[PDB]
Amino acid sequence: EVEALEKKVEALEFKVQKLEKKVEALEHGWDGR
Amino acid sequence: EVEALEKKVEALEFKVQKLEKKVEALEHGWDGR
Amino acid sequence: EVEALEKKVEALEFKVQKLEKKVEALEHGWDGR
């Protein structure tokens, strides 16, 4: 159960990082995004 | 403690999904968003 | 392991909240964002 929770948390960390990058690009207009 | 952690993780998964949908709409201008 | 998982989850909660605020601002054009 715990190891599956860690795997869920690791996946959330990657998704959250992807979202931060996308939001920063929208906020700053990087490369016309 | 663990069951509460799972419940926290399940809630984060739903929020992260909501954020992905909103960010994709901003990125692609869907329906004028 | 569990206490470290909680600490990871607490950090994800803060990041997710930051992302919600930023996305809401982009969506609504608050203060010209």
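Letters A, B, ... are given to chains in the order of the sequence lines, protein chains preceding strands, and every chain is numbered from 1. Only this structure's heavy atoms are used, side chains among them; waters, hydrogens and symmetry mates stay out.
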**Asked** Going by heavy atoms in the side chains, are C:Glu6 and C:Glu10 under 4.5 Å from each other?
**Response** no
**Message:** Applying the side-chain contact (heavy atoms from CB on, under 4.5 Å) criterion to C:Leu5, which one of B:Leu5, B:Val9, B:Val2 satisfies it?
**Reply:** B:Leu5
**Fill in**
For A:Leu26 and B:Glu27, the nearest pair of non-hydrogen atoms, with its separation, is CD2-CG, 4.1 Å
**Message:** How about NZ on B:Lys18, more than 12 heavy atoms from neighbouring residues, nucleotides or ligands closer than 6.0 Å, or not?
**Reply:** yes
**Request:** Check whether any side-chain heavy atom of C:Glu13 sits under 4.5 Å from a side-chain heavy atom of B:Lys15, and report yes or no.
**Result:** no
